[PDB]
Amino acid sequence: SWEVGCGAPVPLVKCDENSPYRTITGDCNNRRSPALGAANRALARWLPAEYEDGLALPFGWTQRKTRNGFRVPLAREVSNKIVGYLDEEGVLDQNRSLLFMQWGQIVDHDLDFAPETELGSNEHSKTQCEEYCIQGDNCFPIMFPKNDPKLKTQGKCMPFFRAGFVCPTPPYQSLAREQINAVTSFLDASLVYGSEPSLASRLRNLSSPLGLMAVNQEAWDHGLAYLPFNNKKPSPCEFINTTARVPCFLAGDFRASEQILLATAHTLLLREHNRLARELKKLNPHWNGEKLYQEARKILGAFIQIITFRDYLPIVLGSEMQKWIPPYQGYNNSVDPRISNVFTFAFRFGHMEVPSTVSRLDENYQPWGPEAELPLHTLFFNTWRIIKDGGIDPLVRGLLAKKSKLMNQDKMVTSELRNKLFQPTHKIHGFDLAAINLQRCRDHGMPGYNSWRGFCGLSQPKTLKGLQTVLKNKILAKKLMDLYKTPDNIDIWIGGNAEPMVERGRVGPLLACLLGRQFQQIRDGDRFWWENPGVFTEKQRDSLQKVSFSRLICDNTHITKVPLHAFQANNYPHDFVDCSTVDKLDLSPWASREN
């Protein structure tokens, strides 16, 4: 901060200041500083960027420049020695359902997205990088280790492109490079509605004035809605199966169809918007198309905030929750609501939470057909298994009945993601999310691990013995030291995730502080936080405390057996009750009488 006004990215428009509704962009939440928290602006910097040349070149770029005296280890080598494992047996989280992993990806995507630099639908630069592994400009490739099998089978590196930065897209002249966040920092359902003035509108159904979202017209799920297909060919969803030829879904957020289970979640959310809107027309027949939209929207936003803050964070943060996120005391206009750059890597802990397979279950929660369990890697940008395999009901029950993967210092990220990741731009299932995430810390100029322990007021080990004590693991601590040669050099993502878990939580002390602070701020900094006096009415608020993800399921699918607490592990049928029983969102507090 303070070279104070830079930035052409920015969409440019005006504030109402008495509108009961959030903008699409995030603008106007904060009154004296109207752009704070808007999409298309820099991620905040809780600490100064640390770049090889102090301005923009990442560490690992210039082969002979060290970090603190040592060579940073290769992204992919750190991946092979620390991150991978072979045996999926015993890896499941006994007390977290698959939906736990999945709500996290919804929340993260509502909060932050640093898109890659594209810079041309022309250049052998998406090819000069692909084919020849030549580092330069925005090509910053992940080279393979000696002894890496991928050498024999794939090539010399994995393509990787530096993330977008503020102000331009051309090589910028001067400050310190800052990455763009392309979405709104406020937990506002921007992943359903869009963060842009352009997209938000294209998503709506403006033929009927019922304030509905547009739905797929080419296909149905027992007369229930699917998302509209996305327009844009070439389509990666089309690529994974050229026979089925089913395109990716068009949603509020571009990553919606990265995986069948995430696309599933988006579908439930679109469905609740229309459900809520048609319900609202019923109650206020005079109500307008816009008002229908803004009011369903406003409710969906409150809903995501509630499930997130009431059900999800306490079982990520565990005992640390109340020390970072005290109870709400009212909107604080002085709090900086912006997502920080480090949060977007801290939140990546969810990557260790992803299991190797996905199941479809039938109405008795039994294996659905003969090819019921699928390897995760065949589900990246796979929409055809939704539309041409029985809809989302079978995946939705899998979400409740199956478990998340447990972070585990020895078994860290599944091969499904570490070896077989499919990237929407290239052809092979053969990318490493782990290495990527590492290459990306470096891309974003993150401070190393001891800077972050310092920031969160935690001890900073400087020796192997120091490291074992913190990590509580001799083996892991020595692998890290051999590779990094000083804890000060440990990339934050893997430093943060290597720590044992706090009591009742799913992240360690370092992560709980970083996650914790961000969430506190996005809630205290949000003028439209659902509990903020005057946003909803006391009576509306009373009716919103009854929302539950189980209800959401009941009202939007043909499942009639759900668990009451969806995020913990639940065995069918003992933990499964009748949909016909779960608290419903009483929706009458929203009535409007003009006399």
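Basically, rigid core = biggest C-alpha set you can superpose within 1.5 Å across the two forms. Residue numbers run from 1 along the displayed sequence.
Chemist: Which of these two stretches, 309-317 or 162-170, has the larger RMS Cα offset in 9 other deposited structures of this protein when the rigid core is kept aligned?
Modeler: This comes out as 162-170, the stretch further from the shown form in 9 other deposited structures of this protein.
Chemist: Return whichever of 226-234 or 93-101 has the larger RMS Cα deviation from the displayed form in 9 other deposited structures of this protein, where every structure is aligned on the rigid core.
Modeler: After the core superposition, the stretch with higher RMS deviation in 9 other deposited structures of this protein is 226-234.
Chemist: Identify the stretch, either 224-232 or 306-314, whose C-alpha atoms have the larger mean B-factor according to the entry.
Modeler: So the stretch with the higher mean C-alpha B-factor is 224-232.
Chemist: Give the stretch, out of 438-446 and 321-329, with the larger mean C-alpha temperature factor in the deposited entry.
Modeler: According to the entry, 321-329 carries the higher average C-alpha B-factor.
Chemist: Have a look at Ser185, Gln102, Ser356, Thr243 and flag the one whose Cα has the highest B-factor in the entry.
Modeler: Highest C-alpha B-factor among the listed residues goes to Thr243.
Chemist: Return the residue from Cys167, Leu510, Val107, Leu98 that has the highest Cα B-factor in the entry.
Modeler: Within the set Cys167, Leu510, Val107, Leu98, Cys167 shows the top C-alpha B-factor.
Chemist: Could you place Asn181 in the lowest, middle or highest third of its chain by Cα temperature factor, using the values in the record?
Modeler: CA B-factor rank for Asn181: lowest third.
Chemist: Comparing against every modelled residue in the chain, figure out the third that the C-alpha B-factor of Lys546 lands in (lowest, middle or highest).
Modeler: Answer is highest: the recorded C-alpha B-factor places it there.
Chemist: Ordered by C-alpha B-factor within the chain, which third holds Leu280? Give me lowest, middle or highest, please.
Modeler: It falls in the top third of the chain.
Chemist: Within this chain, which third does the Cα B-factor at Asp27 fall in: lowest, middle or highest?
Modeler: Within its chain, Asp27 is a middle-third residue by C-alpha B-factor, going by the deposited values.
Chemist: Please place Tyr293 in the lowest, middle or highest third of its chain by C-alpha B factor as given in the entry.
Modeler: Within its chain, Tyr293 is a middle-third residue by C-alpha B-factor, going by the deposited values.
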